[PDB]
Structure formats: C-alpha cells, structure tokens
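The structure under discussion appears below in the form of structure tokens.
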Amino acid sequence: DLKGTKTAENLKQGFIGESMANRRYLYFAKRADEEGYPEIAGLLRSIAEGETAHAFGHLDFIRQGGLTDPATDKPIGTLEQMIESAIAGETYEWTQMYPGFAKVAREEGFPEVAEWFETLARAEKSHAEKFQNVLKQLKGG
Amino acid sequence: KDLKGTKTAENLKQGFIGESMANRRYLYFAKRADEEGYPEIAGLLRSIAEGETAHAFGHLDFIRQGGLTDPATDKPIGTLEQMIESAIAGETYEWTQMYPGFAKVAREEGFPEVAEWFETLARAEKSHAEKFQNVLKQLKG
Ligand SMILES: [Cl-]
Ligand SMILES: [Cl-]
Ligand SMILES: [Fe+3]
Ligand SMILES: [Fe+3]
C-alpha cells in the first residue's frame, strides 16, 4: 500500500512540479510567439505535452494506490469523487483563499493585485456552482 | 509595483501552484468523463480548465511585473532568455537530483513499478534540459 510512504509524498510533489512546468512552458511559449521564435515556441509546446503525460502518470499511480488528490486530499477514484474533489477545492478558493489573499493585498497597499484576487474569488464561485450542477446530474442518475 | 518581501508575493506563488494543478486535474477528470460517455461534463471540465489557465497566467503576469521570481525555480522570468534559463534550472534539478532520488526511495520502499516510472522521467527531463540548452545557445548567439 502506498499510503503513508515517502513514495506517496514524492508522487504528490512530482504532480505539483509537472503541473507548474506545463503552465510555465506555455506561458514562455507566448513570449517566443510574440518575439518571432516559432521553432522555440513549438519546442516549448511539445515539451509541455511531455509534462502533461508526466503529471497524468503521477495521478494514475496516486489513484491506483488509493491515494488522494494532491490539491484537496479527497479521493479521486471514480468520476463522482473527481467532481467532489473539484467542488471541495473550488469552495475553499472562493469562500476562503482568494478573499483572504485580496484582504492581504489591500492591507499591504497593492489594490490592483487585490482586485485580481477578488475577480478570481468570483470566478471560482462560478466554477464551484457549475461543478455542483455536474454532481447533481451524476448522483441523480 | 515592488512586491518583494510581501505576503502578497507568497500568495501569488501559492495561487499559481493551485491554478496549475487545477488545470491538470480538470483535464485528467475530463478523460474519465470521455471514457464513460459524458461529453457535456467533459466539455465543461475542459472549458473550466481554460479559466484556470487564464488565472495561472495572470498570477505569472503579476509575479513578473512585481519583480518576483518563478514559483518553480526561484529564478527571474522577465525576458525570454531568463524564461529558458528558468526551464533549464528546473529540468536540471529534476534529472540530476529529484527523480533519481524518488526512484531510489521507491525501490527501497518496494515499489519497483513506480521506481521505473521515476527513472523514465529522470531520463525524459534530461532530454528536456538538453533541448532547452540548445535553445539558449540560439537566443544568445
Ligand atoms: Cl525560432
Ligand atoms: Cl454529459
Ligand atoms: Fe476554478
Ligand atoms: Fe521537462
């Protein structure tokens, strides 16, 4: 059983890093796009597909091992559990995380960052509601 | 406009990590919905995932504009050259240290299948690092 092992923690950290790598490389590719480096941009995009495969493989072992979602500590074995994990994370983000980030940005004197965090709190609330509707569809049959 | 040293800087970093994971998670969940025959759910997951891309990229915008470093590597990512240098730094850590160590631990804990996966990833990240090193030569030439 993977539960409680260092390998379980390493799969989680692997997933975090691969997730960031895909985002980072696609963001970098947009800079190459604008500056006129299509071969560099294309390489960044192709490497990013590698990082997708790596992240998804980590999630495969996590799920096969009975481990929980790195982002929420909720099970992700079935589709319903996956949607329940999405709801749990989104609910935390709109009710707690992004409002708290916005308050801190305001208190530190960064009103534009605070406004961004408030936009994201509203967006994650919308995401949460959409996922809640998906769960009603699945559990209702 | 200088965010260095603030709680808001750390919150942007943690926001980037979570949004990066959210996009990966939702696309992985969408593949399950695909297999089971829920195309409307899968398409919603994919569209919400695009939202999480926008959120992650916006966090990176504020990180770069605020004088902060890449969440994954603690290296500056202002210019395209710096972005590639950040990719190289992260990949180098992953192939020289991170994934080989994960593989050693997995074999020690009795997970040879997981260890083989980590060894495949160590080799893959070494290839990625070498491709990025070739790109940097092009940009700096
Ligand atoms: Cl090019
Ligand atoms: Cl459907
Ligand atoms: Fe969301
Ligand atoms: Fe890589």
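Labeling convention for the structure tokens: chains A, B, ... as they appear, residues from 1 per chain, ligands from 1 in order of appearance.
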Might you pull out every residue within 10 Å of residue 124 in chain B, with only C-alpha atoms counted and same-chain residues fewer than 2 positions away left off, and present them as a CSV table (one decimal) with N, CA and C atoms, in the first residue's frame?
chain,number,residue,atom,x,y,z
A,47,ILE,N,7.4,20.1,-25.5
A,47,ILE,CA,7.9,19.7,-24.1
A,47,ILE,C,6.7,19.8,-23.1
A,50,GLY,N,4.9,16.7,-23.0
A,50,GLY,CA,5.6,15.7,-22.1
A,50,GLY,C,5.2,15.9,-20.7
A,51,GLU,N,5.2,17.2,-20.2
A,51,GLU,CA,4.9,17.4,-18.8
A,51,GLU,C,3.4,17.1,-18.5
A,54,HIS,N,3.6,13.4,-17.9
A,54,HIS,CA,4.2,13.1,-16.6
A,54,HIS,C,3.2,13.4,-15.5
B,91,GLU,N,14.6,21.8,-14.9
B,91,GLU,CA,14.9,20.5,-15.5
B,91,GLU,C,16.1,19.8,-15.0
B,94,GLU,N,15.6,18.4,-11.7
B,94,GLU,CA,14.7,17.2,-11.8
B,94,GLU,C,15.5,15.9,-12.3
B,95,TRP,N,16.4,16.1,-13.2
B,95,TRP,CA,17.1,14.9,-13.7
B,95,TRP,C,18.4,14.6,-12.9
B,118,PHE,N,9.7,6.8,-12.3
B,118,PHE,CA,10.6,7.9,-12.0
B,118,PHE,C,11.9,7.8,-12.8
B,119,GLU,N,12.4,6.6,-13.1
B,119,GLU,CA,13.6,6.6,-13.9
B,119,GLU,C,13.4,7.0,-15.3
B,120,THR,N,12.2,6.6,-15.9
B,120,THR,CA,11.8,7.1,-17.2
B,120,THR,C,11.7,8.6,-17.2
B,121,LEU,N,11.2,9.2,-16.1
B,121,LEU,CA,11.0,10.7,-16.0
B,121,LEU,C,12.4,11.3,-15.9
B,122,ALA,N,13.3,10.7,-15.1
B,122,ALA,CA,14.6,11.3,-15.0
B,122,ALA,C,15.3,11.4,-16.3
B,126,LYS,N,16.2,15.0,-18.5
B,126,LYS,CA,17.5,15.2,-19.0
B,126,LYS,C,17.4,15.6,-20.5
B,127,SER,N,16.6,14.9,-21.2
B,127,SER,CA,16.4,15.3,-22.6
B,127,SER,C,15.8,16.7,-22.8
B,128,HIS,N,14.8,17.0,-22.0
B,128,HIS,CA,14.2,18.3,-22.0
B,128,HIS,C,15.3,19.4,-21.7
B,129,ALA,N,16.1,19.2,-20.6
B,129,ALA,CA,17.1,20.1,-20.3
B,129,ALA,C,18.1,20.4,-21.5
B,130,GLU,N,18.4,19.3,-22.2
B,130,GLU,CA,19.4,19.4,-23.3
B,130,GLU,C,18.7,20.2,-24.4
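Considering only C-alpha atoms and all ligand atoms, the residues that reside within 7 Å of ligand 3 can be listed as residues 90, 123, 124, 127 and 128 of chain A; 22, 48, 51 and 52 of chain B.
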>> At a cut-off of 9 Å, using only C-alpha atoms, what residues contact residue 56 in chain B? Leave out same-chain residues fewer than 4 positions from it and give the result as a ChimeraX atom specification.
In response: /A:23 /B:15-20,51-52,60-61
>> ligand 2: which residues are within 12 Å, counting only C-alpha atoms and all ligand atoms? Reply as a PyMOL selection string.
In response: (chain A and resi 79+133-138+141) or (chain B and resi 30+32-45)
Just-selected residues, N, CA, C and O atoms written as an mmCIF file, in the first residue's frame:
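That gives us out08.cif:
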data_model
loop_
_atom_site.group_PDB
_atom_site.id
_atom_site.type_symbol
_atom_site.label_atom_id
_atom_site.label_comp_id
_atom_site.auth_asym_id
_atom_site.auth_seq_id
_atom_site.Cartn_x
_atom_site.Cartn_y
_atom_site.Cartn_z
ATOM 1 N N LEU A 79 -15.507 8.967 -11.140
ATOM 2 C CA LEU A 79 -15.834 10.276 -11.686
ATOM 3 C C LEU A 79 -16.557 11.133 -10.652
ATOM 4 O O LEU A 79 -16.286 12.333 -10.534
ATOM 5 N N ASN A 133 -23.565 21.455 -10.081
ATOM 6 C CA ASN A 133 -24.593 21.009 -11.009
ATOM 7 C C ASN A 133 -24.209 19.694 -11.684
ATOM 8 O O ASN A 133 -25.074 18.848 -11.917
ATOM 9 N N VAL A 134 -22.924 19.511 -12.012
ATOM 10 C CA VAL A 134 -22.460 18.235 -12.552
ATOM 11 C C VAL A 134 -22.712 17.117 -11.557
ATOM 12 O O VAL A 134 -23.141 16.021 -11.925
ATOM 13 N N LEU A 135 -22.408 17.367 -10.281
ATOM 14 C CA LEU A 135 -22.598 16.302 -9.302
ATOM 15 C C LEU A 135 -24.063 15.918 -9.183
ATOM 16 O O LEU A 135 -24.400 14.743 -9.066
ATOM 17 N N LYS A 136 -24.955 16.916 -9.190
ATOM 18 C CA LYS A 136 -26.381 16.606 -9.146
ATOM 19 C C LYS A 136 -26.777 15.740 -10.331
ATOM 20 O O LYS A 136 -27.582 14.824 -10.186
ATOM 21 N N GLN A 137 -26.228 16.032 -11.512
ATOM 22 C CA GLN A 137 -26.527 15.215 -12.690
ATOM 23 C C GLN A 137 -26.062 13.770 -12.500
ATOM 24 O O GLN A 137 -26.799 12.824 -12.775
ATOM 25 N N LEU A 138 -24.823 13.589 -12.033
ATOM 26 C CA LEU A 138 -24.285 12.236 -11.871
ATOM 27 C C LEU A 138 -25.000 11.452 -10.774
ATOM 28 O O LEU A 138 -25.345 10.279 -10.965
ATOM 29 N N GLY A 141 -28.629 10.281 -11.414
ATOM 30 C CA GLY A 141 -28.824 9.293 -12.456
ATOM 31 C C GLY A 141 -29.308 9.930 -13.743
ATOM 32 O O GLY A 141 -29.357 11.157 -13.853
ATOM 33 N N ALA B 30 -11.619 15.056 -17.115
ATOM 34 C CA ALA B 30 -12.377 15.081 -18.356
ATOM 35 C C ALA B 30 -12.163 13.799 -19.151
ATOM 36 O O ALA B 30 -13.087 13.325 -19.804
ATOM 37 N N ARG B 32 -11.779 10.839 -17.908
ATOM 38 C CA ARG B 32 -12.672 9.859 -17.321
ATOM 39 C C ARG B 32 -14.100 10.056 -17.815
ATOM 40 O O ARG B 32 -14.806 9.090 -18.146
ATOM 41 N N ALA B 33 -14.555 11.304 -17.825
ATOM 42 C CA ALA B 33 -15.873 11.609 -18.363
ATOM 43 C C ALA B 33 -15.976 11.185 -19.826
ATOM 44 O O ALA B 33 -17.004 10.637 -20.245
ATOM 45 N N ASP B 34 -14.917 11.401 -20.611
ATOM 46 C CA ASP B 34 -14.902 10.961 -22.000
ATOM 47 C C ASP B 34 -15.169 9.458 -22.081
ATOM 48 O O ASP B 34 -16.013 8.997 -22.856
ATOM 49 N N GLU B 35 -14.398 8.670 -21.321
ATOM 50 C CA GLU B 35 -14.488 7.212 -21.420
ATOM 51 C C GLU B 35 -15.873 6.716 -21.043
ATOM 52 O O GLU B 35 -16.396 5.764 -21.645
ATOM 53 N N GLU B 36 -16.478 7.347 -20.032
ATOM 54 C CA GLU B 36 -17.754 6.885 -19.521
ATOM 55 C C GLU B 36 -18.946 7.402 -20.292
ATOM 56 O O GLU B 36 -20.062 6.921 -20.050
ATOM 57 N N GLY B 37 -18.734 8.336 -21.212
ATOM 58 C CA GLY B 37 -19.803 8.791 -22.092
ATOM 59 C C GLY B 37 -20.532 10.035 -21.632
ATOM 60 O O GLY B 37 -21.737 10.166 -21.889
ATOM 61 N N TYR B 38 -19.850 10.961 -20.972
ATOM 62 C CA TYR B 38 -20.439 12.212 -20.505
ATOM 63 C C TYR B 38 -19.803 13.392 -21.243
ATOM 64 O O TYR B 38 -18.991 14.134 -20.665
ATOM 65 N N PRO B 39 -20.132 13.596 -22.522
ATOM 66 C CA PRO B 39 -19.438 14.649 -23.278
ATOM 67 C C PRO B 39 -19.738 16.043 -22.804
ATOM 68 O O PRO B 39 -18.892 16.944 -22.961
ATOM 69 N N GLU B 40 -20.932 16.303 -22.272
ATOM 70 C CA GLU B 40 -21.210 17.655 -21.790
ATOM 71 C C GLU B 40 -20.406 17.960 -20.538
ATOM 72 O O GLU B 40 -19.881 19.076 -20.377
ATOM 73 N N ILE B 41 -20.278 16.978 -19.639
ATOM 74 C CA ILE B 41 -19.437 17.146 -18.460
ATOM 75 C C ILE B 41 -17.982 17.330 -18.873
ATOM 76 O O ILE B 41 -17.268 18.192 -18.343
ATOM 77 N N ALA B 42 -17.506 16.492 -19.800
ATOM 78 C CA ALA B 42 -16.125 16.598 -20.247
ATOM 79 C C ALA B 42 -15.854 17.957 -20.850
ATOM 80 O O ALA B 42 -14.829 18.575 -20.560
ATOM 81 N N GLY B 43 -16.764 18.443 -21.684
ATOM 82 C CA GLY B 43 -16.561 19.756 -22.282
ATOM 83 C C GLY B 43 -16.578 20.895 -21.273
ATOM 84 O O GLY B 43 -15.808 21.862 -21.402
ATOM 85 N N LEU B 44 -17.417 20.793 -20.248
ATOM 86 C CA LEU B 44 -17.417 21.792 -19.177
ATOM 87 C C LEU B 44 -16.108 21.772 -18.411
ATOM 88 O O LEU B 44 -15.550 22.845 -18.108
ATOM 89 N N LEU B 45 -15.616 20.565 -18.064
ATOM 90 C CA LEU B 45 -14.318 20.449 -17.401
ATOM 91 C C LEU B 45 -13.229 21.103 -18.237
ATOM 92 O O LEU B 45 -12.376 21.831 -17.709
#
>> What's around residue 97 in chain A at 12 Å? Count only C-alpha atoms, leave out sequence neighbours fewer than 3 positions away in its own chain, and write the answer as an MDAnalysis selection string.
In response: (chainID A and resid 89:94 100:104 117:118 120:122 124:125) or (chainID B and resid 11:12 14:15 18)
Go ahead and write the selection's residues with C-alpha atoms as a tab-separated table (two decimals), in the first residue's frame.
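Dumped everything to part.tsv:
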chain	number	residue	atom	x	y	z
A	89	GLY	CA	-11.13	22.85	-3.87
A	90	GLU	CA	-13.28	25.47	-5.57
A	91	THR	CA	-15.33	26.01	-2.40
A	92	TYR	CA	-12.15	26.60	-0.39
A	93	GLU	CA	-10.86	29.04	-3.00
A	94	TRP	CA	-13.93	31.25	-3.25
A	100	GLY	CA	-8.02	36.24	2.22
A	101	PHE	CA	-5.43	36.95	-0.46
A	102	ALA	CA	-7.40	40.03	-1.54
A	103	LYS	CA	-7.61	41.35	2.03
A	104	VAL	CA	-3.86	40.91	2.47
A	117	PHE	CA	-7.83	38.22	-6.35
A	118	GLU	CA	-11.45	39.43	-5.97
A	120	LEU	CA	-10.73	35.17	-9.06
A	121	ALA	CA	-12.87	34.64	-5.95
A	122	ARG	CA	-15.96	35.41	-8.01
A	124	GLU	CA	-14.07	30.22	-8.56
A	125	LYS	CA	-17.54	30.63	-7.03
B	11	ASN	CA	0.12	34.39	-2.13
B	12	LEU	CA	0.70	34.92	-5.86
B	14	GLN	CA	0.62	29.74	-3.99
B	15	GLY	CA	-2.13	30.90	-6.33
B	18	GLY	CA	-3.03	25.78	-7.21
>> What residues of the protein or nucleic acid chains come within 9 Å of ligand 1 when you use only C-alpha atoms and all ligand atoms? Reply as a ChimeraX atom specification.
In response: /A:32-33,36-42 /B:135,138-139
Go ahead and write the residues just picked, N, CA, C and O atoms, as a PDB file, in the first residue's frame.
ATOM      1  N   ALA A  32       7.830  33.693 -26.764  1.00  0.00           N
ATOM      2  CA  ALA A  32       8.505  33.338 -28.012  1.00  0.00           C
ATOM      3  C   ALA A  32       7.632  33.661 -29.225  1.00  0.00           C
ATOM      4  O   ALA A  32       8.142  34.132 -30.252  1.00  0.00           O
ATOM      5  N   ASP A  33       6.325  33.405 -29.127  1.00  0.00           N
ATOM      6  CA  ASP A  33       5.405  33.730 -30.212  1.00  0.00           C
ATOM      7  C   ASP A  33       5.526  35.199 -30.595  1.00  0.00           C
ATOM      8  O   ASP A  33       5.720  35.547 -31.764  1.00  0.00           O
ATOM      9  N   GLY A  36       8.820  36.297 -32.284  1.00  0.00           N
ATOM     10  CA  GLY A  36       9.164  35.753 -33.588  1.00  0.00           C
ATOM     11  C   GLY A  36      10.091  34.548 -33.554  1.00  0.00           C
ATOM     12  O   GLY A  36      10.923  34.378 -34.454  1.00  0.00           O
ATOM     13  N   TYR A  37       9.933  33.683 -32.555  1.00  0.00           N
ATOM     14  CA  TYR A  37      10.715  32.456 -32.437  1.00  0.00           C
ATOM     15  C   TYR A  37       9.781  31.249 -32.525  1.00  0.00           C
ATOM     16  O   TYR A  37       9.537  30.564 -31.526  1.00  0.00           O
ATOM     17  N   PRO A  38       9.256  30.952 -33.719  1.00  0.00           N
ATOM     18  CA  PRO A  38       8.272  29.856 -33.820  1.00  0.00           C
ATOM     19  C   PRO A  38       8.848  28.482 -33.504  1.00  0.00           C
ATOM     20  O   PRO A  38       8.107  27.619 -33.021  1.00  0.00           O
ATOM     21  N   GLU A  39      10.123  28.216 -33.829  1.00  0.00           N
ATOM     22  CA  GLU A  39      10.672  26.900 -33.507  1.00  0.00           C
ATOM     23  C   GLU A  39      10.836  26.735 -32.003  1.00  0.00           C
ATOM     24  O   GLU A  39      10.555  25.656 -31.456  1.00  0.00           O
ATOM     25  N   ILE A  40      11.286  27.791 -31.314  1.00  0.00           N
ATOM     26  CA  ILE A  40      11.369  27.765 -29.855  1.00  0.00           C
ATOM     27  C   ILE A  40       9.988  27.594 -29.251  1.00  0.00           C
ATOM     28  O   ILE A  40       9.783  26.773 -28.356  1.00  0.00           O
ATOM     29  N   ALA A  41       9.018  28.378 -29.735  1.00  0.00           N
ATOM     30  CA  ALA A  41       7.656  28.250 -29.231  1.00  0.00           C
ATOM     31  C   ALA A  41       7.123  26.844 -29.429  1.00  0.00           C
ATOM     32  O   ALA A  41       6.514  26.273 -28.516  1.00  0.00           O
ATOM     33  N   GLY A  42       7.338  26.271 -30.614  1.00  0.00           N
ATOM     34  CA  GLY A  42       6.881  24.915 -30.876  1.00  0.00           C
ATOM     35  C   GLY A  42       7.542  23.881 -29.988  1.00  0.00           C
ATOM     36  O   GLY A  42       6.901  22.900 -29.581  1.00  0.00           O
TER      37      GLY A  42
ATOM     38  N   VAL B 135      18.334  25.743 -27.164  1.00  0.00           N
ATOM     39  CA  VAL B 135      17.572  26.951 -27.470  1.00  0.00           C
ATOM     40  C   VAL B 135      18.288  28.183 -26.941  1.00  0.00           C
ATOM     41  O   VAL B 135      18.364  29.217 -27.620  1.00  0.00           O
ATOM     42  N   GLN B 138      20.883  29.405 -29.163  1.00  0.00           N
ATOM     43  CA  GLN B 138      20.304  30.138 -30.287  1.00  0.00           C
ATOM     44  C   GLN B 138      20.006  31.584 -29.904  1.00  0.00           C
ATOM     45  O   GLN B 138      20.388  32.518 -30.617  1.00  0.00           O
ATOM     46  N   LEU B 139      19.337  31.786 -28.766  1.00  0.00           N
ATOM     47  CA  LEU B 139      18.964  33.137 -28.348  1.00  0.00           C
ATOM     48  C   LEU B 139      20.185  33.994 -28.050  1.00  0.00           C
ATOM     49  O   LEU B 139      20.206  35.191 -28.353  1.00  0.00           O
TER      50      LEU B 139
END
>> Distance limit 8 Å, atoms considered: only C-alpha atoms. Which chain A residues sit that close to chain B? Return them as an MDAnalysis selection string.
In response: chainID A and resid 5:7 10 15:17 19:23 25 27:28 31:32 40 47 52 54:56 61 71 79 82:83 86 101 104:105 108 110 113 120 127 134
Given the selection you just returned, output its residues as a file containing N, CA, C and O atoms, formatted as a short mmCIF file (atom, residue, chain, number, x, y, z; two decimals), in the first residue's frame.
data_model
loop_
_atom_site.label_atom_id
_atom_site.label_comp_id
_atom_site.auth_asym_id
_atom_site.auth_seq_id
_atom_site.Cartn_x
_atom_site.Cartn_y
_atom_site.Cartn_z
N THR A 5 3.69 6.30 2.78
CA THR A 5 5.06 6.10 2.36
C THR A 5 5.66 7.41 1.87
O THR A 5 4.95 8.36 1.52
N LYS A 6 6.99 7.46 1.83
CA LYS A 6 7.65 8.60 1.21
C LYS A 6 7.32 8.66 -0.27
O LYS A 6 7.18 9.75 -0.84
N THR A 7 7.14 7.50 -0.91
CA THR A 7 6.80 7.47 -2.33
C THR A 7 5.47 8.17 -2.60
O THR A 7 5.32 8.85 -3.62
N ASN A 10 6.28 11.75 -2.69
CA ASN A 10 7.03 12.08 -3.89
C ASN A 10 6.15 12.13 -5.13
O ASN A 10 6.37 12.97 -6.01
N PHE A 15 3.65 15.60 -9.04
CA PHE A 15 2.48 16.14 -9.72
C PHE A 15 2.47 17.66 -9.68
O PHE A 15 2.18 18.31 -10.69
N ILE A 16 2.79 18.25 -8.51
CA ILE A 16 2.83 19.70 -8.39
C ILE A 16 3.83 20.29 -9.37
O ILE A 16 3.53 21.24 -10.09
N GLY A 17 5.04 19.73 -9.41
CA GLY A 17 6.06 20.28 -10.28
C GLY A 17 5.73 20.13 -11.75
O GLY A 17 5.95 21.06 -12.54
N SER A 19 2.76 19.95 -13.05
CA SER A 19 1.66 20.85 -13.34
C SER A 19 2.18 22.26 -13.60
O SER A 19 1.76 22.92 -14.56
N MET A 20 3.07 22.74 -12.72
CA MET A 20 3.69 24.03 -12.92
C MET A 20 4.50 24.09 -14.20
O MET A 20 4.50 25.12 -14.89
N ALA A 21 5.23 23.02 -14.52
CA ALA A 21 6.07 23.05 -15.71
C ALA A 21 5.24 23.25 -16.97
O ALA A 21 5.59 24.04 -17.85
N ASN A 22 4.11 22.55 -17.07
CA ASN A 22 3.27 22.73 -18.25
C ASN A 22 2.78 24.16 -18.35
O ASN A 22 2.86 24.79 -19.42
N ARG A 23 2.29 24.73 -17.24
CA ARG A 23 1.86 26.12 -17.27
C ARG A 23 3.00 27.07 -17.65
O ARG A 23 2.81 27.97 -18.47
N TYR A 25 5.81 26.55 -19.29
CA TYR A 25 6.31 26.44 -20.66
C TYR A 25 5.33 27.04 -21.66
O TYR A 25 5.76 27.65 -22.65
N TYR A 27 3.29 29.55 -20.98
CA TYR A 27 3.43 30.99 -20.80
C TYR A 27 4.69 31.50 -21.51
O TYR A 27 4.64 32.53 -22.19
N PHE A 28 5.81 30.76 -21.36
CA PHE A 28 7.03 31.14 -22.05
C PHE A 28 6.83 31.09 -23.57
O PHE A 28 7.35 31.94 -24.30
N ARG A 31 5.61 34.24 -25.13
CA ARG A 31 6.65 35.25 -25.30
C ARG A 31 7.46 34.96 -26.55
O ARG A 31 7.74 35.87 -27.33
N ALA A 32 7.83 33.69 -26.76
CA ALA A 32 8.50 33.34 -28.01
C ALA A 32 7.63 33.66 -29.23
O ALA A 32 8.14 34.13 -30.25
N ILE A 40 11.29 27.79 -31.31
CA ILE A 40 11.37 27.77 -29.86
C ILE A 40 9.99 27.59 -29.25
O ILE A 40 9.78 26.77 -28.36
N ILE A 47 7.40 20.09 -25.46
CA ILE A 47 7.86 19.68 -24.14
C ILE A 47 6.71 19.76 -23.13
O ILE A 47 6.57 18.89 -22.26
N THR A 52 2.51 17.19 -19.46
CA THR A 52 1.16 16.65 -19.27
C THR A 52 1.20 15.16 -19.02
O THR A 52 0.56 14.65 -18.09
N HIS A 54 3.57 13.36 -17.91
CA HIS A 54 4.18 13.10 -16.62
C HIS A 54 3.19 13.35 -15.49
O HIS A 54 3.04 12.51 -14.60
N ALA A 55 2.50 14.49 -15.51
CA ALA A 55 1.52 14.78 -14.46
C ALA A 55 0.41 13.73 -14.42
O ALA A 55 0.01 13.28 -13.34
N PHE A 56 -0.14 13.36 -15.59
CA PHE A 56 -1.22 12.38 -15.61
C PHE A 56 -0.73 11.01 -15.13
O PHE A 56 -1.47 10.26 -14.49
N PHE A 61 -0.76 6.67 -10.77
CA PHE A 61 -0.22 5.91 -9.64
C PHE A 61 -0.89 6.32 -8.34
O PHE A 61 -1.16 5.46 -7.48
N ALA A 71 -4.32 18.29 -4.57
CA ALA A 71 -4.81 19.64 -4.33
C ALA A 71 -5.80 19.74 -3.17
O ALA A 71 -5.95 20.84 -2.59
N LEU A 79 -15.51 8.97 -11.14
CA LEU A 79 -15.83 10.28 -11.69
C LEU A 79 -16.56 11.13 -10.65
O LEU A 79 -16.29 12.33 -10.53
N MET A 82 -14.07 12.51 -8.37
CA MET A 82 -13.32 13.56 -9.03
C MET A 82 -14.08 14.88 -8.97
O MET A 82 -13.50 15.93 -8.67
N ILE A 83 -15.38 14.85 -9.30
CA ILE A 83 -16.17 16.07 -9.26
C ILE A 83 -16.27 16.59 -7.82
O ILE A 83 -16.24 17.81 -7.58
N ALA A 86 -13.14 18.47 -7.16
CA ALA A 86 -13.22 19.80 -7.75
C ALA A 86 -14.08 20.74 -6.90
O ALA A 86 -13.70 21.89 -6.67
N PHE A 101 -6.50 36.35 0.33
CA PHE A 101 -5.43 36.95 -0.46
C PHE A 101 -5.76 38.40 -0.82
O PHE A 101 -4.88 39.27 -0.79
N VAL A 104 -5.27 40.68 2.19
CA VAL A 104 -3.86 40.91 2.47
C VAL A 104 -3.25 41.87 1.45
O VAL A 104 -2.50 42.77 1.82
N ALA A 105 -3.59 41.71 0.17
CA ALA A 105 -3.10 42.63 -0.84
C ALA A 105 -3.57 44.05 -0.55
O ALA A 105 -2.79 45.00 -0.67
N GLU A 108 -1.56 45.46 2.39
CA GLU A 108 -0.17 45.73 2.05
C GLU A 108 -0.01 46.83 1.00
O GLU A 108 1.13 47.18 0.65
N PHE A 110 -1.52 47.05 -2.30
CA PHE A 110 -1.47 46.57 -3.67
C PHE A 110 -2.90 46.41 -4.19
O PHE A 110 -3.38 45.29 -4.36
N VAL A 113 -3.58 44.14 -7.38
CA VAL A 113 -3.50 42.71 -7.08
C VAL A 113 -4.74 42.26 -6.30
O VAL A 113 -5.30 41.19 -6.55
N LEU A 120 -10.89 36.62 -9.11
CA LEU A 120 -10.73 35.17 -9.06
C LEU A 120 -11.66 34.55 -8.03
O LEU A 120 -12.16 33.45 -8.26
N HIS A 127 -17.23 28.57 -10.89
CA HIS A 127 -16.77 27.21 -11.15
C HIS A 127 -17.41 26.23 -10.17
O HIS A 127 -17.86 25.15 -10.57
N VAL A 134 -22.92 19.51 -12.01
CA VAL A 134 -22.46 18.23 -12.55
C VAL A 134 -22.71 17.12 -11.56
O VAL A 134 -23.14 16.02 -11.93
#
>> For a quick check of understanding, using only C-alpha atoms and all ligand atoms, which of A:43, A:48, A:109, A:13 has the smallest distance to ligand 4?
In response: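 Counting only C-alpha atoms and all ligand atoms, the residue closest to ligand 4 is A:48.
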> range 5-105 of chain A: which residues are helix (DSSP H, G or I) by DSSP, as a PyMOL selection string?
Replying inline: chain A and resi 6-35+38-64+79-105
> Please, what distance in Å, to one decimal, runs between CA of residue 78 in chain A and CA of residue 49 in chain A?
Replying inline: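 Here the two named atoms are 24.7 Å from each other.
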